[PDB]
Structures are given as structure tokens and as C-alpha cells.
């Protein structure tokens, strides 16, 4: 119940619906004009945010100290409004929890919330042939188009949904240091 209340408030305050040339994604604003998308969203010089064109001033595809893919792209938007700073809800390390909620918001899945149960720090995964780390895993009936979804528990934003196979979903952990 608490994970849901937290999720709904978080999505209303910090999320938006984004379209890049590669698809439609849920997108979470973190602080200032920095937001995050699954790396495969591959933003271009402009994105569509809540159906409006927004320029992308900078983007960083995150990899670790050894070049290993983290499957996240940070983007700095050409936008006047600032995101409410939610860095305090981002952990310093991968978090595991017993009950999480995945929140999605796109024209395909508008304002939908899914109770996904346990989240485990899985770590290494070969994603489409791409070696990837810091993966969090959970089980629920997956569907295409959920990428970008925000994974949360009470008082915590654990990660961003980057893929799913059958009844298995996975998020890139959303760590505090990625935002300083």
C-alpha cells in the first residue's frame, strides 16, 4: 500500500511520456534538467516530451569504470522548469526489497501500476548480445513498451525498467552517484 502511494506521488511529480525516433517511453526527471531513459531509447537532438518538442542539450550513455554497459542514458533537457530533486530517494548501491511497484506511463499504458513482488540484485546479464551490469530482476507478466518504467518501493526509487522476457523483468539500478 505504501509503495503504491509513494509511486503515484512520484509519477505525478517527476515523470513524463517521451517519444524518441526509437519508441515511446516512460521518463523520470531526477534534478535540475537531468532525466533518464533506457539506453536503447537512443535519444536524438530533440525528443518529444508530453507531446511537445524538447531539445536535448547533452546525453550520457552510462558504462562502469571498465566500459561495461549499464543500459541507462542520462539526458539534459533544454527546459526552464526544474525537476523536483529526488536524488535523496536514490540509493548509493543496488537495493533489494520484498514488495516493489513498477509504474508506467505512455499512450500504450497510461497511468498503470504493477505490483511486481520481490526485487533481487541479479547483477550481470547479457542483453541482446550486450554485456550489462547492475541489473535488478523481478517476475511478472511482461509486455513490450514498458521500458523506462520506474521501479519503486516505499520511499525508494530502485531503478528504471530496461527489458523483459516472458515473466521476467529487469531494471538498471538507479544510483545516487550517477547524478553526482
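For clarity, a rigid core is taken as the largest C-alpha set superposing within 1.5 Å between two forms. Numbering follows the first chain given and starts at 1.
Fitting each structure in 9 other deposited structures of this protein onto the rigid core and averaging C-alpha distances over structures and residues, 134-142 emerges as the more displaced of 111-119 and 134-142. Note on 164-172 and 9-17: with rigid core alignment, C-alpha atoms in 9 other deposited structures of this protein sit farther from this form for 164-172. With 120-128 and 107-115 compared on mean CA B-factor from the PDB entry, the stretch scoring higher is 120-128. The PDB entry records a higher mean C-alpha B factor for 91-99 than for its counterpart among 68-76 and 91-99. The PDB entry gives the largest Cα B-factor of the residues 20, 15, 171, 165 to 165. Ranked against the other modelled residues of its chain, the C-alpha B-factor of residue 143 as given in the entry falls in the highest third. Annotation for residue 59: CA B-factor lies in the highest third of the chain's modelled residues. Ranked by C-alpha B-factor against the other modelled residues of its chain, residue 155 falls in the middle third.
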